[PDB]
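Next up is one chain by itself, shown in structure tokens, the form deposited in one PDB entry.
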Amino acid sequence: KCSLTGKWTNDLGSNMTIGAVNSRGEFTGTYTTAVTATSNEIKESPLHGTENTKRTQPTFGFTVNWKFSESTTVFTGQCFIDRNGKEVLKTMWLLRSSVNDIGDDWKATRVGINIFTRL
């Protein structure tokens, strides 16, 4: 029992809202980040993702298409039943900044973790 639908808050402070997961595992939702590496308005954004499909703790993966910037973030993790019986999503992401030349690409990728809980 680890539905992906719902509202979740992360260690960095953000909030993530996911909808009803279908049969092929997909889903959609909004993701208000609580942190920014830019100078723009922290404006909400939609995230698209899929979750494997029969174990209780399935690994998923989604893309959050930010609205206030030319960037994308990709999280990938697994739904765990944190010992007592509370769900906990541990994930990792790659923050893709945008450049102008096919040269300054390396300085474009950032990596970090993120633990989500049911806010």
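Only residues modelled in both forms are compared. Start at 1 and count along the sequence shown; that's the residue number. For the two forms, the rigid core is made up of the largest set of C-alpha atoms that agree within 1.5 Å on superposition.
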- prompt: Are any deposited residues left out of the model between residue 53 and residue 54, and how many (none, 1 to 3, 4 to 9, 10 or more)?
  reply: 1 to 3
58-66 versus 81-89 - greater average Cα B-factor per the deposited record: 81-89
- line: For 71-79 versus 30-38, entry-based mean Cα B-factors point to 30-38
message: Out of 108, 12, 102, 111, whose C-alpha atom has the biggest B factor in the entry?
response: 102
Residue 115 CA temperature factor, ranked by third within the chain: lowest
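Beyond what is shown, the protein has a form deposited in another entry; the following relates to that form.
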query: residue 83: CA shift of at least 2 Å between the shown form and the other one after core fit?
result: yes
- request: With both forms fitted on the core, give yes or no for whether the Cα of residue 70 moves by 2 angstroms or more between the shown form and the other one.
  value: no
message: After a rigid core superposition, would you say the CA of residue 59 moves by 2 angstroms or more between the shown form and the other one, or not?
response: no
- request: Since the Cα separation of residue 39 and residue 7 moves by 3 Å or more in the other entry, tell me which way: closer or farther than here.
  value: closer
task: Over in the other structure, so in the other entry, do residue 90 and residue 37 pull closer or drift farther apart at the C-alpha level? The difference is 3 angstroms or more.
output: farther
field: Consecutive-residue runs (3+) with Cα displacement of 2 Å or more between the shown form and the other one, core aligned
entry: 36-42, 82-84
